[PDB]
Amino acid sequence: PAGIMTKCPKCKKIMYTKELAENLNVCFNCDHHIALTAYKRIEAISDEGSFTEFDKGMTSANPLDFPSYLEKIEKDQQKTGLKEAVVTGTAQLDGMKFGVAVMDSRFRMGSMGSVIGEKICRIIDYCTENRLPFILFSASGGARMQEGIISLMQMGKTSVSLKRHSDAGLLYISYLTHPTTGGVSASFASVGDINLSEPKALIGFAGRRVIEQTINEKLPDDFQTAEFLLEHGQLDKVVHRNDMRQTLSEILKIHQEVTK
């Protein structure tokens, strides 16, 4: 009857989509964490009805006149129903207000162009002005090369807003999701006050293939997994998705500014 089932990419076990979604897209057979779409992620971590979307309508331009770019974007928009690869806004969890940004790797692999950079900057700046904590879910599998140097500069653009937010004494939780690679990994994803990730998520600057080729050796299986990054001191915690909401709620409570 189609759509009603989902096959696990890792263990190949078939599951009711409904039941899988109720398990926050964790395969109940092998515990593989399947991608969660931006709105479902926001739903999982917020009080019902508390989400206000920011800059929902912003759309990409073609500043380099890169051939076929705006056409590739339109297709991703039709396929995912998103405007661009990030959803931003404010929400509450157990009554505590926070700014949020969730990247969706379905859209142009979650590669960061001007729109993602500007939307992330606007919610971070809003959180600075309103003294709110900020939570970013990274998901990026390459660079937005159609915007060339302008894409690279988004690493710097988002960093200046982030550091100003940090200097105001406010909390940034970086929530790295599968995959987090390249410029995103080497910018906002790696500088949370607290860095959290999910089991087996792949995180790194360069890809497995490029590294194996450069060093002429075979990388271990666990190479660049969240577990590996935790072992190497780069994550505060690896969080099974079933503890995600509770974990975020506790961190927000610890950091809640005596206020109002």
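Numbers for residues come from their place in the sequence shown, where the first is 1.
Across the two stretches, 143-151 and 69-77, the PDB entry reports the greater mean Cα temperature factor for 69-77. If you average the C-alpha B-factors over 165-173 and over 104-112, the higher value belongs to 104-112. Within the group 229, 191, 210, 201, the record's highest C-alpha temperature factor is found at 210. For the set 197, 225, 234, 50, the maximum C-alpha B-factor listed in the entry falls on 50. When all modelled residues of the chain are sorted by CA temperature factor, residue 82 is found within the highest third. Sort the modelled residues of the chain by CA B factor and residue 14 lands in the highest third.
In the PDB entry, residue 249 places in the lowest third of its chain by CA B-factor.
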